[PDB]
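Given as structure tokens, the chain that follows is alone and in the form deposited in one PDB entry.
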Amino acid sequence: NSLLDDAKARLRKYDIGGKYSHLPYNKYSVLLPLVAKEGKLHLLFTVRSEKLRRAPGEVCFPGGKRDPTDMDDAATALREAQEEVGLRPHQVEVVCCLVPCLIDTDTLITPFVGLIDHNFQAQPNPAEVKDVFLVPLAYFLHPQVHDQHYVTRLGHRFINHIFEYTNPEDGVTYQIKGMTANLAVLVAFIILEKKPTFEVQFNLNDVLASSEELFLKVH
């Protein structure tokens, strides 16, 4: 079995399908894209352009607002990823839908995890993406540069991470934070099963149940 075949195996146990579809919120989807490169797994990220209303300049996963013409939440993740980085449908296999996050009182973000084909080459769309980059999956469990702080908001205490990663190939440094960082850490732990060198939001011995309770406590 390949690196991505092993990931699919661990991710399947956490797929909750459509359990949290049809909820009365404004809907956004994101796609977490897993890439095998040089003998290990990485996650692909985007940097949003300045001209966007929502979250300009921020580091995020590919994705966006659910359009009235999209058939469902998964279709949104796939279309937005094609528009932002050139990913075609045959180049990604969606293997997991995760418990969603509420960024607002009104806004629900639904996350999908996708296995990315090895012959895919990113093509950033400069209309809405300033940059596209990779980070090794293991970095989110054993980082060289990382800080974190509690923020009760609201109520219940969440954890704000800030990861800093420098790509040795081209010398550019990126910061990954907020909901994007929470998701990277969760999926990294699911796939690699190593305890992080820091405290996390969820229960390491009870990942799925604690994840749902967390959402319900804000829903």
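A residue's number is simply how far along the shown sequence it sits, counting from 1.
Just so it is clear, the following notes concern the form deposited with a small molecule bound, a form of the same protein that is not shown.
Colleague: Between the options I109, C97, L78, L137, which residue brings a heavy atom to within 4.5 Å of the small molecule in the deposited bound form?
Modeller: Contact check passes for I109.
Colleague: Consider the chain as shown here, without its partner, and state which of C60, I191, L41, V185 has a heavy atom within 4.5 Å of the small molecule in the deposited bound form.
Modeller: Exactly one listed residue reaches within 4.5 Å, namely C60.
Colleague: With the cut-off set at 4.5 Å between non-hydrogen atoms, does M179 touch the small molecule in the deposited bound form?
Modeller: Contact check for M179: yes, within 4.5 Å of the small molecule in the deposited bound form.
Colleague: How about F163: is it within 4.5 Å of the small molecule in the deposited bound form, going by heavy atoms?
Modeller: No, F163 is distant from the partner.
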